[PDB]
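Labels run A, B, C and D following the written order; every chain starts at residue 1.
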Amino acid sequence: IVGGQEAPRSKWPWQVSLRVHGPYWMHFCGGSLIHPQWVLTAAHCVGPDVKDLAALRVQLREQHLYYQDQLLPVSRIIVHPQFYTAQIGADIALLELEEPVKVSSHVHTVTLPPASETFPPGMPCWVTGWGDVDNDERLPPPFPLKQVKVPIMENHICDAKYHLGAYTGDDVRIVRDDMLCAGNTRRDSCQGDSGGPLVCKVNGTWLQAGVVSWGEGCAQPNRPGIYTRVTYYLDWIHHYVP
Amino acid sequence: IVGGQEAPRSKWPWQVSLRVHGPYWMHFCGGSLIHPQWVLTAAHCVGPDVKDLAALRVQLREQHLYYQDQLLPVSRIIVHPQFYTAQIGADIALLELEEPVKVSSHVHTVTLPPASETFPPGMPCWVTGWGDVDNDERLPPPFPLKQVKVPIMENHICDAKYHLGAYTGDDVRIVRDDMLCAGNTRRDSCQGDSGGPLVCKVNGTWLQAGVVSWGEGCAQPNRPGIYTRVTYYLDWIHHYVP
Amino acid sequence: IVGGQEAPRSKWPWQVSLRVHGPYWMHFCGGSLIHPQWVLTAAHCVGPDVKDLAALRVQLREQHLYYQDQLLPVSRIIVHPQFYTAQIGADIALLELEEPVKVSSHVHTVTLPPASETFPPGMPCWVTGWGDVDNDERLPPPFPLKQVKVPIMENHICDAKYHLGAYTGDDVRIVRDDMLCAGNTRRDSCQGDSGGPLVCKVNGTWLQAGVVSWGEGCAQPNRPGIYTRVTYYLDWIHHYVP
Amino acid sequence: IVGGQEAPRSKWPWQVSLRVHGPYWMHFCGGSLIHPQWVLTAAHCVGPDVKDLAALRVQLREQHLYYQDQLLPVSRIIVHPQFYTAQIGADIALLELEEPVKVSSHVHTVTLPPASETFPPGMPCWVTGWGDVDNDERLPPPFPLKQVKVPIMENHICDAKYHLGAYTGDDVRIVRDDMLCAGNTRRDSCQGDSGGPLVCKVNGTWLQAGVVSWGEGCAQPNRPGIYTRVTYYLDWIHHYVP
């Protein structure tokens, strides 16, 4: 997270951290609990090449990374078949936990938006995670969960901005229909935040609008962060999670 | 260049090296002289973001990099408008030299192929360059030009090979129509070879069948090197090169 | 600390962490409370060149680094004058806290030995710290205070081992007289543990035998860890600590 | 070499490059030919631990490193028995080439000073080598041999300068009697240059005053380069070298 602040212990109960096995169980991406038994993440975090299930762990909300670890096993990794890279799209994936989670005031699911949600500029939206604080800048220890309120920019506008300073033809889409943009040069997502959520407060209720996906750097001029648009994959999500 | 060998001084008179301004004039991509005044290269070497002509220089066929440089200014950098990433394709570009090269026996153009040339499996082709001798293994000094013969593989088979060990849907194209595959786990192009030439001897003439573009690692199982298919872009090339 | 285990919360009440300001108050060396107002560390940790006092802070016994920091200012940095490098000797320094520690049952001073104390082989000695767990292997998060029981070795047997595989003359002393040896290829202190304590239980009492100084790598064959002999520098210490 | 410039081809016939075996015969230290069959160098380049002779190669004078190699095998490595670290002293060594060198104009020996030579405060002395052009800054390719003229600084004046801004006692010498100082904040030797010669022209004859050995950084305020005083080790050298 570039900008923002440490989340209060009371915010973002659905946030999780993905851990890969090695010298220690290192965090590599974020995610969200969208069902007692399913975590929503970004496909690039776990693909496109097939990974070893035994080398992965899910960690639920934690105010400080690694300090109160209760690693959970995963029985399935479901990656969207249309995925190869985040620029092409379909950067979305599911982790079915070996066991369901006992919900809490501190840890519970996040609501997926209705299929018609669009999230126009102006909506209060926050992206959260334990990722870098700036290009090539690691989140220092104790690794507090960070949050930052980011502005949503219309797709067609964001697309045109990505073409700024590039050789790419104005009529060839960079920011696709299944993607969403948010952030400016002071507020953004960054490596390590990938797979986590972008949530907006809609009608007195938090809705997960996107999944941290990619972008040209973090907080750079004319390069807002790109998120996998949740609405574009509800059909797919629902094939697996109740 | 993975495997293969240092190239005889009389072979590959069209090879060029692209240099960026810095502590010194560092090699960052290969190229190929296709007209006394034009260099063919890979778009990802100079894009998708536009860079400053002043930071770029072109070095003609040299046996040992940096050994006896004779840098040449560039007047125009022309990138195919359909380019954004190598996985998406259209990874091709043209560099206009401020001045037309005096062709000799040691340095001259390579022939472009006719739109019909498919270059099927079994054709003798060589990739040349000064890139890494293996994944994360730099070409050691005195940095000699390397060559390695590579077996070509039909697009459809190469594409399916790339699905082996991957979550990508079998019906989702990974290797595209504007690309060409060649190489194995012991002979391949690699980082730093990008933008250079893949030439096949066709009925008496060396023709440039491809532009080194990308792949998953170098000489990795089921991951041959991917090249931009020169025939596909012949129309685009001729719109600028006489 | 190489080998050993995370230390229970009750043991090592004297352990302290030294911190330098940067993105965060990063730990860089060990240290030990020898008086409510004085911390004993290694000269190499804070020397030989003069450093800005506003750049240093001290942390008393903390189970996991960074977790619950209570950073303490420092008034004075006293380095043995005969110190230049650890191989030469006199790797010992004193830190004067801005004010006395409210000594408690959990965090309190360690006892310095008598000048006559020798701490001979087969003795029960221990080293504690937050340093690397192996050569080029940082203590993983959440960084718990580690401890390891190490076997003391006579200074001359140690010097002999250090000459094995080296050009240095047999008659030339590597392990000097103001130094002490402990450890093997399975247990040893390492970078990050410098300045920390080596304590030995003598007739029902814990006595600080040395301060982590140097060695060739950590837990390497024929290369026991080398400590600054505290008995050697008592007059200097007493000259400052009441 | 910090500051200075490339050496004309005619100068420094005695300079040599020491190579270690790896992906390629990598340069690691400089050296000087003092006998058709003997090379003078620093002991820290090849010690304190004993090295594998099959892994070492010597390269006589080269305008450009690696471009026209002709590696010569070594039959013996003589490290001064008093050596352990460069701050302690005796940073000198001898390599005996397997075969006597065919001496000429382009490449021949350097003259060692008489037992009493002194080299007074501020003399035209030169240091040469293929090392870093600055702290953490490498010699870019094609790695031309650099030269730079450096002022001598009497040892007492130098030692005092090393004490400025340092804790070490004024009566404890850092710059030792078997050492010599040269250089300033704009001209100096650096990592990679170690083992190479420092020559001072006295009465038409170029004499080697020292061996590049150590210092605090390169060309740092109040920290001139430190060299092993040749005159101090003449007897030891002649015990081996005719």
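We take it that a residue touches a chain if its C-beta (ideal position, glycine included) is under 8 Å from a C-beta of that chain, and two chains touch if they have at least 3 such contacts.
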Fewest hops from subunit A to subunit D - one hop per pair of touching chains: 2
Between subunit A and subunit C, centroid-to-centroid distance (C-alpha), Å: 44
Rounded Å distance, subunit B centre to subunit C centre (Cα mean): 56
Rounded Å distance between subunit A and subunit B, as computed from the means of their C-alpha atoms: 36
All pairs of touching chains, each written as two labels joined by a dash: A-B, A-C, B-D, C-D
Touch list for subunit D against partner subunit C, complex: 43, 47-50, 79, 81-85, 87-88, 165-169, 171-172, 174, 216
Of subunit A, residues touching subunit C in the complex: 23-24, 64-67, 69, 137-138, 140-143
